[PDB]
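Residues per chain are reported as follows:
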Amino acid sequence: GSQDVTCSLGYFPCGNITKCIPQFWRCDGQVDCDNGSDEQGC
Ligand SMILES: [Ca+2]
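- The deposited coordinates for this entry were obtained by solution NMR.

This is the structure we're talking about:
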């Protein structure tokens, strides 16, 4: 399959680091992410 990054069911990546985080912190308004990608348009 050729892959490295991996997350859980209710989780999603951020940006460069691709840090996986819980949907609970999606489109909310926090820099919790590693690259603040969660707050880049939402
Ligand atoms: Ca967040």
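Resuming the write-up.
## Concerning the state of the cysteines
- Under the criterion given, the structure shown has 3 disulfides.
- Shown here is the disulfide that connects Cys7 with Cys20, its sulfur atoms set 2.0 Å apart. Residues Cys7 and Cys20 are joined by a disulfide whose S-S torsion is about -60°; by sign, that bridge is left-handed. Here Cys7 is found in the segment before β1 (11-12), whereas its partner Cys20 is found in the loop between β1 and β2 (21-22), with 13 residues between them in sequence.
- Residue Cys7 is classed as partly exposed on the basis of its relative accessible area of 39%.

## Observations regarding the UniProt feature "disulfide bond" in the protein chain
- Measuring sulfur to sulfur gives 2.0 Å for the UniProt disulfide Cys7/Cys20, short enough to count as a bond.
- Classification of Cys20 as partly exposed rests on a relative accessible area of 26%.
- For the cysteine pair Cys27 and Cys42, annotated in UniProt as disulfide-bonded, the sulfur atoms lie 2.0 Å apart, consistent with the bond being present in this model. Taken as a pair, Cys27 in the segment after β2 and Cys42 in the segment after β2 lie far apart in primary sequence, 15 residues in all.
- Residue classification places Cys42 among the exposed residues on the basis of a relative accessible area of 62%.

So, how was this worked out
Residues numbered from 1 in each chain as written, not as in the entry; some residues may be left out. Heavy atoms only, no water. Disulfide = S-S within 2.5 Å. Helix = DSSP H or I, 4+ residues; strand = E, 2+ residues; numbered from the N terminus. Buried < 20%, exposed > 50% of the residue type's maximum accessible area, 1.4 Å probe, protein only. UniProt positions renumbered as here; feature names shortened; annotations may be inferred.

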